[PDB]
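Inspection log for the structure reproduced underneath, given as structure tokens.
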Amino acid sequence: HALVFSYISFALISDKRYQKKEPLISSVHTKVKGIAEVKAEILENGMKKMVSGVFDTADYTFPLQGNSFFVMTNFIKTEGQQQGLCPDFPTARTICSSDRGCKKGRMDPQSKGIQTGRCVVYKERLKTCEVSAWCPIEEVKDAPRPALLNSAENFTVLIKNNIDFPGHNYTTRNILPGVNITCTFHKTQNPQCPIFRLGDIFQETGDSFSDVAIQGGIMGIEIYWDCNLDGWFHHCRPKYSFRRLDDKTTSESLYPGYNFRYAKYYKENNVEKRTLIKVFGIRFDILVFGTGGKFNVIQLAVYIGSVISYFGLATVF
Amino acid sequence: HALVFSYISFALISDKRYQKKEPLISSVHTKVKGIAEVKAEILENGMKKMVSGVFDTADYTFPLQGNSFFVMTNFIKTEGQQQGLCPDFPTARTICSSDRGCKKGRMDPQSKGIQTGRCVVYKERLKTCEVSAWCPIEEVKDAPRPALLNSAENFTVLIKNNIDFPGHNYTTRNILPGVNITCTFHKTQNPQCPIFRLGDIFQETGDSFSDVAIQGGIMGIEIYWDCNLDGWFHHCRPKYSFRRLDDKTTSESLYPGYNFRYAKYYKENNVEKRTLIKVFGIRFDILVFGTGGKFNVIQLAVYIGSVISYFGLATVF
Amino acid sequence: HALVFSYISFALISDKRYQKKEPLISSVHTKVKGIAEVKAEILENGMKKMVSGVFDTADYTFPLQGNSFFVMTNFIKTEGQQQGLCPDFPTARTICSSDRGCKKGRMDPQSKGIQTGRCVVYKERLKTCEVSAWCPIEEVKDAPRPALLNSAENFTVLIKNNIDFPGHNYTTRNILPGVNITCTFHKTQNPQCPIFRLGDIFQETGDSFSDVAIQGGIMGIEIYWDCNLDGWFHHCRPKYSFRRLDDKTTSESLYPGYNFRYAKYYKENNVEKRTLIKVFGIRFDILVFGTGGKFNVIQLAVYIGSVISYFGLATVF
Ligand SMILES: Cc1ccc(CN2CCNCC2)cc1NC(=O)CNc1ccc(F)c(F)c1
Ligand SMILES: Cc1ccc(CN2CCNCC2)cc1NC(=O)CNc1ccc(F)c(F)c1
Ligand SMILES: Cc1ccc(CN2CCNCC2)cc1NC(=O)CNc1ccc(F)c(F)c1
Ligand SMILES: *[C@@H]1O[C@H](CO)[C@@H](O)[C@H](O)[C@H]1NC(C)=O
Ligand SMILES: *[C@@H]1O[C@H](CO)[C@@H](O)[C@H](O)[C@H]1NC(C)=O
Ligand SMILES: *[C@@H]1O[C@H](CO)[C@@H](O)[C@H](O)[C@H]1NC(C)=O
Ligand SMILES: *[C@@H]1O[C@H](CO)[C@@H](O)[C@H](O)[C@H]1NC(C)=O
Ligand SMILES: *[C@@H]1O[C@H](CO)[C@@H](O)[C@H](O)[C@H]1NC(C)=O
Ligand SMILES: *[C@@H]1O[C@H](CO)[C@@H](O)[C@H](O)[C@H]1NC(C)=O
Ligand SMILES: *[C@@H]1O[C@H](CO)[C@@H](O)[C@H](O)[C@H]1NC(C)=O
Ligand SMILES: *[C@@H]1O[C@H](CO)[C@@H](O)[C@H](O)[C@H]1NC(C)=O
Ligand SMILES: *[C@@H]1O[C@H](CO)[C@@H](O)[C@H](O)[C@H]1NC(C)=O
Numbered sequence: 034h035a036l037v038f039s040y041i042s043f044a045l046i047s048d049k050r051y052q053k054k055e056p057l058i059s060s061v062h063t064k065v066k067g068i069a070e071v072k073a074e075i076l077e078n079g080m081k082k083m084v085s086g087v088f089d090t091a092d093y094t095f096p097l098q099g100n101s102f103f104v105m106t107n108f109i110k111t112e113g114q115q116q117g118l119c120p121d122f123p124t125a126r127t128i129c130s131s132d133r134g135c136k137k138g139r140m141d142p143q144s145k146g147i148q149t150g151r152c153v154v155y156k157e158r159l160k161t162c163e164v165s166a167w168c169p170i171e172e173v174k175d176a177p178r179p180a181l182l183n184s185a186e187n188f189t190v191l192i193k194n195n196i197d198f199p200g201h202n203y204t205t206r207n208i209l210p211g212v213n214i215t216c217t218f219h220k221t222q223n224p225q226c227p228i229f230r231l232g233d234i235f236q237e238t239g240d241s242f243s244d245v246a247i248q249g250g251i252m253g254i255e256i257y258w259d260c261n262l263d264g265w266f267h268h269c270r271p272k273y274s275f276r277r278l279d280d281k282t283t284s285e286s287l288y289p290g291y292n293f294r295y296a297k298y299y300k301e302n303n304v305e306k307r308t309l310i311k312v313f314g315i316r317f318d319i320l321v322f323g324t325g326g327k328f329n330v331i332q333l334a335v336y337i338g339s340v341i342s343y344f345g346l347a348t349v350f
Numbered sequence: 034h035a036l037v038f039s040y041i042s043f044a045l046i047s048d049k050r051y052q053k054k055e056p057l058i059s060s061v062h063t064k065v066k067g068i069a070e071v072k073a074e075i076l077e078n079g080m081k082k083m084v085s086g087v088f089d090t091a092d093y094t095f096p097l098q099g100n101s102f103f104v105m106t107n108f109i110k111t112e113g114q115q116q117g118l119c120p121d122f123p124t125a126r127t128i129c130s131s132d133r134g135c136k137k138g139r140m141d142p143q144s145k146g147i148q149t150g151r152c153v154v155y156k157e158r159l160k161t162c163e164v165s166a167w168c169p170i171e172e173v174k175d176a177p178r179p180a181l182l183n184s185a186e187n188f189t190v191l192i193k194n195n196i197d198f199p200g201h202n203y204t205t206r207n208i209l210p211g212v213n214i215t216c217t218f219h220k221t222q223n224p225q226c227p228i229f230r231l232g233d234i235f236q237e238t239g240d241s242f243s244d245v246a247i248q249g250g251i252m253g254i255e256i257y258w259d260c261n262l263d264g265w266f267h268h269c270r271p272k273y274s275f276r277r278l279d280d281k282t283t284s285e286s287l288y289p290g291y292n293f294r295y296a297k298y299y300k301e302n303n304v305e306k307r308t309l310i311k312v313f314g315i316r317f318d319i320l321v322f323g324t325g326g327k328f329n330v331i332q333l334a335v336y337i338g339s340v341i342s343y344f345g346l347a348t349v350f
Numbered sequence: 034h035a036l037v038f039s040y041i042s043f044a045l046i047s048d049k050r051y052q053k054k055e056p057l058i059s060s061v062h063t064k065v066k067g068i069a070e071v072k073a074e075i076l077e078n079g080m081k082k083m084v085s086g087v088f089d090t091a092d093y094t095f096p097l098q099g100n101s102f103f104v105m106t107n108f109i110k111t112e113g114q115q116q117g118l119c120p121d122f123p124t125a126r127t128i129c130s131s132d133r134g135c136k137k138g139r140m141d142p143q144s145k146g147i148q149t150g151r152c153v154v155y156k157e158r159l160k161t162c163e164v165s166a167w168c169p170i171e172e173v174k175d176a177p178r179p180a181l182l183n184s185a186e187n188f189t190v191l192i193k194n195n196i197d198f199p200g201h202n203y204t205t206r207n208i209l210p211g212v213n214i215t216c217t218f219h220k221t222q223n224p225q226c227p228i229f230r231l232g233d234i235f236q237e238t239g240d241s242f243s244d245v246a247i248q249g250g251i252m253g254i255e256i257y258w259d260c261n262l263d264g265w266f267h268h269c270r271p272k273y274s275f276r277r278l279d280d281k282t283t284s285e286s287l288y289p290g291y292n293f294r295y296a297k298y299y300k301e302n303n304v305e306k307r308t309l310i311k312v313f314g315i316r317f318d319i320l321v322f323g324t325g326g327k328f329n330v331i332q333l334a335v336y337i338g339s340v341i342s343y344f345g346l347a348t349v350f
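Quick mapping for you: the protein sequence lines, in order, are chains A, A' and A''. A prime marks a further copy of an entry chain. At position 7 of the first sequence the residue is numbered 40 (PDB author numbering), and the sequence of numbers has no breaks. At position 298 of the second sequence the residue is numbered 331 (PDB author numbering), and the sequence of numbers has no breaks. At position 83 of the third sequence the residue is numbered 116 (PDB author numbering), and the sequence of numbers has no breaks.
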């Protein structure tokens, strides 16, 4: 009976049911640092070409939108596209022996254009279905074998997180005043340090940064707040963890990795032209969750209300 | 009395109050497919002009930011704007009979410029208030009567959703391994299929895609997770539903539809110039909510605590 | 004993524990209005230059992404950058007396390039470490002393918020039909008016708009919904409040304010070139939280269950 008292009172103190919990409010602001020197040889349209240059912040990233930031790690670039009629790139689905294999007006999911219904030669005696689109069509090619921006492991993301509890009227931030900002977060050595290294993040979740960097991925940074708003035992600091949100399907149908197509439009010799750029990289999604607990009398009285009956019943035995 | 027992125990099992519920964590990744052939005749500056071309992914959409993606469906384009002094476009608010109707330095919400205080002729004998801005001012014109990108119904959005329950340590994803990816979601035939057709989405919520596509809108895709983390009766799959978030006010003051203005800057003959583009389209907002429930002894003991007293009182009658 | 009855029943009615509460679903759509005339004298590369022009929506803002919109308020612009070898900008960390102070291949966090290991003259007899990057390197300079877009206080943000409660199946919006849209929100005079003035927002939270506008900041607009879904006492309207999320650290290490670097790429004389633009401004983060309460019998029965025992114990005294 008395042990039932100590187990009830303990279950209260341990589950903090005397306290009232409120969901956290998060605001995220990120600043990425690091530059990458890129020298690589890429085969474009069957001809060897040299990609050289230095990439800084403006070249490979943009500001965080919606509690997430992206870092480009690789890219394929098709230049000089213009509105016109060209043979689709030779694939299992685009190759015609005769004009009959091509259907006029047909649109294919793999194709970036609308067929004209006429079989044409893409190169040599190989024939594909002529299409109307931005010409020439981007090659169905693989990403560069070493990620051009493979240096992105050494890049550094600084995270500033502000969390508010309205009902308890308690506002705090990720970074406290006076903390030594010159640190790299470590699971043990500097768990509070907001400075993060991307490669470190990938190792923590057990993934190689380079591999993901070749085709792209979606990493995830979790910030946990177990915040206790009582003056007796008070605590409210974040706990950083890392999880890979990327599906890692590795199936052509599921469109694996993270990549997107964006174009830059220009005019030349009184002709509208466009440079298509396939972009591969790791999107980092910041997930901040929390709970704020401050003692509430009504909740304690309701638990008391369950406990009184629990006690009578324990006495009955 | 005994029926009070079966109704209490039933109310427990039915409300699952033996279980503890935890809020879901959602990450969203989307890939849009489809291309649109656009041939239309648009009246620009009182002269007929022909808009022709093929639009692919890079031409009409950009990657999802903040659990939402946008698809352009129509656009008005004003080209060659440069810093200068020009008469405002003739409206009810911009027309002056004399230099006195124009106030120097005045800014109007409808106007894109600052008045110079001088009445000038916009065309013929019609006079408007001269303003300082990007010239010439975009016409106060309606969107193209058929949406140029009216084909966007036939476009296809693939959604990959990853949800995590930290406190229960349970991570799952929208798309399971081995599922037939070649499907279009149907309310009955393929409710689990993540492939979605935009026109289907509009029909489900009872709106015509074309109409919204002319002036823009905000559609909403709801993903519900009623996830039960007990091994006895286990279940954790999404339920897709569609709701129109757009306000549909249809009042000039409320700025109805979804549209925005963005510009491309270029130089010509040593003069800075800019192409303003009004963009209309449907923004799709993905809303994922969920609840994960796994049996908890303390919660069951608290409900027990309410129930014991409820029982004594039922015996009193 | 009876006062314990009135205090229990009161605690119920006051905490509404008869009701069941459900978390709110928010969708945000914003439209910004206002234009700014910018005339200012900026010292660029040690030479005086004149910035003049009119800025409209497309020039200083872009559409909301992830329940947040940004308004540029100031900017520094470095033009003509091209891939090459140039001396880093003279700072405490970049200045070399001899070729020995520079380490070949070294990358510094303050530097935007990779050192070649050779000491060179930046200007006159002052020597910095030669680096490989976009040349010339942007000056380590302060933002313009008056914010070029200092007029942004007078700018107007219109907010349309749609909130849904799925479990209660109740959908409502921020803006009701027939409301006088011609208003500016006031703490007292027009608390429901969704039209907001940015300067008003800064005064409400007790910050000067101009100061923040010089170096950038992150403002926050909170929308509270205390929604009661019972027909007896029904209410469901928003309560707007303003909080400054910006950390206001004012330390060079913490990267204070809100700013980002973005570039525009062009070709000249068969040379790839780039215009780097440092952008300063206030990001406004919209935070919508809410709770919907509709009477639930099971919850009332559980509270009853605590209360019956509470009553027996009160009788024991
Ligand atoms: C994509 C790219 C390719 C080549 C080069 C340098 N070249 C050209 C000059 N000479 C050296 C070699 C720079 C860039 N970077 C950009 O264009 C910036 N745009 C951007 C694209 C996607 C993003 F995700 C993002 F954040 C920002
Ligand atoms: C807006 C536009 C107008 C005309 C054309 C083709 N023209 C020009 C060549 N000849 C054929 C006719 C293409 C585009 N598309 C873009 O500029 C891409 N930019 C963009 C704009 C808003 C978006 F929402 C978005 F996702 C991406
Ligand atoms: C940055 C800037 C500098 C100067 C001028 C006008 N100049 C040039 C013509 N003559 C007058 C003086 C316009 C703009 N605005 C843009 O380039 C628009 N891009 C943009 C940049 C950041 C943003 F946050 C955003 F929302 C949009
Ligand atoms: C990252 O830095 C280390 C140490 O400077 C270097 O050894 C490594 O090669 C760098 N990573 C890449 C991809 O170059
Ligand atoms: C929150 O607490 C502070 C403590 O100083 C107080 O000044 C402030 O008024 C409180 N907030 C509200 C909304 O009352
Ligand atoms: C921060 O720590 C580093 C080494 O971890 C040290 O070199 C530096 O002086 C410290 N800064 C301060 C302000 O204590
Ligand atoms: C969508 O596809 C169907 C079938 O191919 C076609 O009949 C319809 O016209 C298409 N929609 C538009 C807007 O062209
Ligand atoms: C979550 O469960 C898995 C089950 O294998 C376990 O390996 C993992 O360590 C658990 N997570 C934590 C944080 O303990
Ligand atoms: C998927 O279903 C389609 C028809 O609905 C069928 O043609 C196709 O072969 C199926 N794929 C697999 C792998 O079963
Ligand atoms: C905002 O408008 C007021 C009234 O027109 C004006 O006095 C003030 O100077 C304006 N703000 C700026 C920064 O010009
Ligand atoms: C929500 O309530 C309305 C009331 O008219 C009803 O028509 C609708 O079917 C309800 N929603 C669901 C999912 O039943
Ligand atoms: C709205 O209020 C303003 C003044 O606050 C008034 O001038 C205007 O006529 C009102 N509009 C309507 C429709 O009542």
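In this text, a Cβ means the ideal position worked out from N, Cα and C, and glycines have one as well.
With at least 16 other beta carbons inside 10 angstroms of its own, A/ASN292 counts as buried. Checking the DSSP bridge columns, you'll see A'/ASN329 has no partner listed. Interface annotation for the region 136-152 of chain A against chain A': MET140, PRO142, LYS145, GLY146 and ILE147, criterion Cβ-Cβ distance under 7 angstroms. Measuring C-alpha to C-alpha distances from A/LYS64 to each of A/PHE229, A/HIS268 and A/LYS272 identifies A/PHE229 as the nearest.
Shortest Cα-Cα distance from A/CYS216 to any of A/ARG50, A/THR189 and A/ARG139 involves A/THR189. Contact annotation: in the region 165-180 of chain A'', residues whose CB is within less than 8 angstroms of a CB in chain A are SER165, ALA166 and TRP167. For A'/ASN183, the shortest separation between its Cβ and any heavy atom of ligand 7 lies below 6 angstroms.
A residue is called buried when at least 16 other Cβ atoms come within 10 angstroms of its Cβ; A'/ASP318 meets this threshold and is buried. Under DSSP, A''/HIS62 shares a beta bridge with A''/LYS193.
Within its own chain, the residues whose Cβ lies closer than 6 angstroms to the Cβ of A''/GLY249, once the five positions on either side in sequence are excluded, are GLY290, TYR291, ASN292, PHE313 and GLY314, listed in chain order. When distances are taken from the beta-carbon of A'/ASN100 to the heavy atoms of ligand 7, even the shortest one reaches 6 angstroms or more.
Look at A''/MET140: its beta carbon is at least 6 angstroms from all of the heavy atoms in ligand 3.
Boundaries of the alpha helix (DSSP H) around A/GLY232: 231-237. Leaving aside the five residues that flank A/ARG206 on each side, the residues in its chain whose CB is nearer than 6 angstroms to its CB run, in chain order, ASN195.
For A'/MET252, the number of other beta carbons within 10 angstroms of its own is at least 16, and it is reported as buried. In chain order, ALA347 and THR348 place their CB closer than 7 angstroms to the CB of A'/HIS34, counting only its own chain and leaving out the 5 sequence neighbours on each side. Distance from the C-beta of A/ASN187 to the nearest heavy atom of ligand 4 is below 6 angstroms. Neighbours of A''/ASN100 across chain A', judged by C-beta separation under 7 angstroms: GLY99. Under DSSP, A/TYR336 shares a beta bridge with no residue. Collapsing the DSSP output to three states places A/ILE319 in a strand. Under the DSSP definition of a beta bridge, A''/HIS268 partners with A''/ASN261. Residue-level contact check: A''/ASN195 touches chain A', since one or more beta carbons of chain A' fall below 7 angstroms from its beta carbon.
Put simply, the CB of A''/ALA91 is near chain A', with a gap under 7 angstroms to one of its CB atoms. Not one heavy atom of ligand 2 falls within 6 angstroms of the beta-carbon of A'/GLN52.
Close CB contacts of A''/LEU97 within its chain, under the 6 angstroms cut and outside five residues either way in sequence, are with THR63 (chain order). Just so you know, the alpha carbons of A/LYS306 and A/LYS193 end up roughly 41 angstroms apart.
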